[PDB]
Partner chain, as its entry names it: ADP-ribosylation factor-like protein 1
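One chain comes next, on its own, written as structure tokens: the form deposited without the partner chain.
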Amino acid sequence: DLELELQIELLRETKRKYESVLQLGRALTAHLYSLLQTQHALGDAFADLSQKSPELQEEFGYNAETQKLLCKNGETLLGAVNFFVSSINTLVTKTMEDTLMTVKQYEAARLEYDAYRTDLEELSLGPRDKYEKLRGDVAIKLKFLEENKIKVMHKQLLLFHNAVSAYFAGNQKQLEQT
């Protein structure tokens, strides 16, 4: 049957891309985390130099505050990015699997009906029904997840974007509070 296996083949290409996204996701997390460690250390290094270098007190001064504010805001952003990737993960590691698994059960009793047909076909003219039950839990299971995809990606994609945006706004704001 075409319907399902056109619906499945797409549920994989999609499980894939969302993985390729999930990759770039932890990466973003990674690089972001590091960058924060650096800005934290850099703000302390600048605060210190500010106290010791009266000739360059202001210059080291505004540089430390900035880096400190940036680090603080970066924390929230990181939280967000994590919640993102995390949730996108739940939608791939579990919810999607739960569906991709019942497909395996469907595939188990799938080509065995299409095989046993052509197979026990030779044997004829010479001189066992719950195959669809899985079909229910794979069509009703399948696009019952698509709604779920939409519901999650919509929300997740919005939080993420808002988070990134908020990042720069929160930064640009307090950054002008000097």
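Positions refer to the first chain, counted from 1. We call the rigid core the largest set of C-alpha positions that still match within 1.5 Å between the two forms.
One more form of this protein, deposited with the partner chain bound, exists but is not displayed; see below.
Undergrad: Using heavy atoms and a 4.5 Å limit, would one call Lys104 a contact residue for the partner chain in the entry with it bound?
TA: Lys104: no contact with the partner chain in the entry with it bound.
Undergrad: Residue-level contact is defined here as any heavy atom of the residue lying within 4.5 Å of the partner chain in the entry with it bound; does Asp114 satisfy this criterion?
TA: No, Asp114 stays farther than 4.5 Å from the partner chain in the entry with it bound.
Undergrad: Using a 4.5 Å heavy atom cut-off, state whether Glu121 contacts the partner chain in the entry with it bound.
TA: Answer no; every heavy atom of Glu121 is more than 4.5 Å from the partner chain in the entry with it bound.
Undergrad: Counting only non-hydrogen atoms and a 4.5 angstroms cut-off, does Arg135 reach the partner chain in the entry with it bound?
TA: Although the partner chain is absent here, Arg135 would stay clear of it in the entry with it bound, with no heavy atoms inside 4.5 Å.
Undergrad: Residue by residue through 87-119, which ones have a non-hydrogen atom no more than 4.5 angstroms from the partner chain in the entry with it bound?
TA: Heavy-atom contacts to the partner chain in the entry with it bound: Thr90, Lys94, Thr95, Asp98.
Undergrad: Which residue moves between this form and the one not shown, judged by a Cα shift of 2 Å or more on the rigid core: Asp114, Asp44, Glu59, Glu147?
TA: The one that moves 2 Å or more is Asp114.
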